[PDB]
*Asks:* 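Take this structure, written in structure tokens, and hold onto it; I'll ask about it next.
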Amino acid sequence: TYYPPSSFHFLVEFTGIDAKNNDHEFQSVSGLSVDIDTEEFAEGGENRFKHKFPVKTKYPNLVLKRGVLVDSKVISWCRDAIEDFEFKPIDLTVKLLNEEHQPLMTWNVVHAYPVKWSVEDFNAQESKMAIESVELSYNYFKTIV
Amino acid sequence: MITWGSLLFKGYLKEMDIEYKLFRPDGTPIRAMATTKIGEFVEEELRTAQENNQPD
């Protein structure tokens, strides 16, 4: 913009999981990008370049981090998939906020489910917070702005 | 007759493959690769002189 916005003020909301204020707060969000797979072809007589063709649109997994929370609803949902193969996809909204705490821009993440859950190593000789990490697979996203 | 250095071989062609690789924009070829197989020929009067067959 004339002065572009910073990246440290944002909100993560879930649809299909009971809401709690402690499940909307995260330390970091990553994975909001996309790419197109292509193929190459050489045409006889054309020596200046090879041709390139698109094939598929590709998205990476969405990664969320925060300090450990013991009564999380999101984690209970993750456990049902992890332990029993019960899968029930959800939708999600990522919001980048302005100074009035209203959205500048949002991302609509469609049909997501859990593929990973972990907690970082313990160390008796270091002063650190216990950090939790969750990774989700989804089909695509759209933006609103 | 095929000659290169120490090599000297007489015979006939059996097999050939030619593959065309690069072209000018109007379709003129400028690069190609060829694979070849040659058999061996001996005339029958020379075979009995090389097999100097000798109780007879």
Side-chain angles (χ1 to χ4, degrees), chain A residues 1-8 10 12 28-65 81 87 89-96 103-116 118 133-145, chain B residues 1-54:
Chain A
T1 309
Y2 185 70
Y3 293 100
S6 42
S7 60
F8 54 82
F10 57 90
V12 179
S28 171
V29 196
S30 80
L32 296 174
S33 59
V34 56
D35 301 359
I36 304 180
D37 286 345
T38 66
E39 301 176 348
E40 290 179 15
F41 176 77
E43 182 181 5
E46 165 77 76
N47 296 322
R48 295 175 294 171
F49 53 88
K50 296 175 76 182
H51 296 289
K52 299 181 182 179
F53 306 93
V55 179
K56 290 285 184 185
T57 300
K58 194 183 173 171
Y59 298 85
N61 291 339
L62 181 67
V63 178
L64 302 173
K65 293 183 180 177
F87 295 91
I90 63 168
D91 295 332
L92 190 161
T93 309
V94 173
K95 299 177 176 175
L96 180 67
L104 291 169
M105 174 173 186
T106 60
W107 292 256
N108 182 356
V109 179
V110 177
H111 207 75
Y113 73 89
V115 284
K116 183 163 174 170
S118 66
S133 174
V134 177
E135 181 170 345
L136 306 177
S137 165
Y138 61 94
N139 286 338
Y140 62 90
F141 67 84
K142 300 288 186 181
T143 60
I144 300 170
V145 57
Chain B
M1 197 202 275
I2 298 148
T3 48
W4 176 36
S6 176
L7 166 66
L8 200 145
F9 190 86
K10 305 173 174 179
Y12 48 95
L13 172 76
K14 304 164 81 172
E15 274 162 47
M16 200 166 56
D17 290 82
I18 301 170
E19 183 176 1
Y20 288 77
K21 298 171 168 316
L22 275 181
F23 307 92
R24 271 183 208 156
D26 63 328
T28 314
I30 46 176
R31 206 182 282 151
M33 194 75 203
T35 73
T36 311
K37 187 179 171 185
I38 315 288
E40 213 265 325
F41 184 76
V42 186
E43 198 254 326
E44 284 289 278
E45 209 204 313
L46 198 69
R47 180 185 55 87
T48 55
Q50 286 167 318
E51 299 170 0
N52 176 38
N53 276 321
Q54 82 205 41

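The figures here come from the full heavy-atom set of this structure, side chains too, leaving out hydrogens, waters and symmetry mates. A note on names: the letters A, B, ... follow the listed sequences, proteins ahead of strands, and every chain is numbered from 1.
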*Asks:* Are more than 12 heavy atoms, taken from residues, nucleotides or ligands other than B:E51, located less than 6.0 Å from that residue's CD atom?
*Replies:* yes
*Asks:* Could you report the tightest heavy-atom contact between A:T1 and A:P4, atom names first, then the distance?
*Replies:* N-CG, 3.9 Å
*Asks:* Is it true that atom OH of B:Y20 has more than 12 heavy atoms of other residues, nucleotides or ligands lying nearer than 6.0 Å?
*Replies:* no
*Asks:* Got a second to check how far B:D17's CG is from B:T36's OG1, nearest 0.5 Å?
*Replies:* 8.5 Å
*Asks:* Once you round to the nearest 0.5 Å, how far does CD of A:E39 lie from NZ of A:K50?
*Replies:* 11.0 Å
*Asks:* Considering all heavy atoms of both residues, which atom of B:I18 and which atom of B:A32 are nearest to each other, and what is their separation?
*Replies:* CG2-CB, 4.4 Å
*Asks:* A:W107 and A:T143: which non-hydrogen atoms are nearest, and at how many Å?
*Replies:* CD1-CG2, 3.6 Å
*Asks:* Sequence neighbours left out, cut at 3.5 Å: what donor-acceptor pairs do the side chains of residues 56-63 of chain A make with other protein atoms?
*Replies:*
residue : atom : partner : partner atom : Å
A:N61   : ND2  : A:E135  : OE2          : 2.9

*Asks:* Please examine the side chains of B:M33 and B:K21, heavy atoms only from C-beta on, and report whether any two atoms are closer than 4.5 Å.
*Replies:* yes
*Asks:* Rounded to the nearest 0.5 Å, what separates atom OG1 in B:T48 from atom CD in B:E43?
*Replies:* 8.5 Å
*Asks:* For the residue pair A:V109 and A:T93, establish whether any side-chain heavy-atom pair is separated by less than 4.5 Å.
*Replies:* no
*Asks:* Would a 4.5 Å heavy-atom cut-off, applied to side chains only, mark B:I38 and B:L13 as touching?
*Replies:* yes
*Asks:* So do the side chains of A:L32 and A:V94 get within less than 4.5 Å of each other, counting heavy atoms only?
*Replies:* yes
*Asks:* If you take all heavy atoms of A:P54 and A:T38, which pair is closest and at what distance?
*Replies:* CA-CG2, 4.1 Å
*Asks:* Under the criterion side-chain contact (heavy atoms from CB on, under 4.5 Å), I'd like the reasoning laid out for A:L136 against A:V115: C-alpha separation, chi angles, the key distance, then a yes or no.
*Replies:* CA-CA 6 Å; A:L136 306 177; A:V115 284; 6.0 Å; no
*Asks:* Can you find a pair of side-chain heavy atoms, one from B:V42 and one from B:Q50, that are under 4.5 Å apart?
*Replies:* yes
*Asks:* For the CD1 atom of B:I30 and the CG atom of B:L22, what is their distance to the nearest 0.5 Å?
*Replies:* 4.5 Å
*Asks:* May I ask you to test the A:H51-A:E43 pair for a side-chain heavy-atom distance under 4.5 Å?
*Replies:* yes
*Asks:* Is it the case that over 12 heavy atoms from other parts of the model lie below 6.0 angstrom from the CZ atom of B:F23?
*Replies:* yes
*Asks:* May I ask you to say whether B:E45 pairs ionically with B:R47, meaning some side-chain N is under 4.0 Å from a carboxylate O?
*Replies:* no
*Asks:* On a heavy-atom basis, which atom in A:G31 and which in A:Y138 lie closest, and how many Å separate them?
*Replies:* O-OH, 3.5 Å
*Asks:* Between A:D91 and A:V110, does a side-chain contact (heavy atoms from CB on, under 4.5 Å) hold up when you go through it step by step?
*Replies:* CA-CA 5 Å; A:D91 295 332; A:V110 177; 4.3 Å; yes
*Asks:* Of all the heavy-atom pairs spanning A:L104 and A:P5, show the shortest one and how long it is.
*Replies:* CD1-CB, 3.8 Å
*Asks:* So with a 6.0 Å cut-off around CD of B:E19, is the heavy-atom count from everything else above 12?
*Replies:* no
*Asks:* Rounded to the nearest 0.5 Å, what separation is found between the OH atom of A:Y140 and the CG atom of A:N108?
*Replies:* 7.5 Å
*Asks:* Can you find a pair of side-chain heavy atoms, one from A:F10 and one from A:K95, that are under 4.5 Å apart?
*Replies:* no
*Asks:* Find the distance between NE2 (A:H111) and OH (A:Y113) and round it off to the nearest 0.5 Å.
*Replies:* 8.5 Å
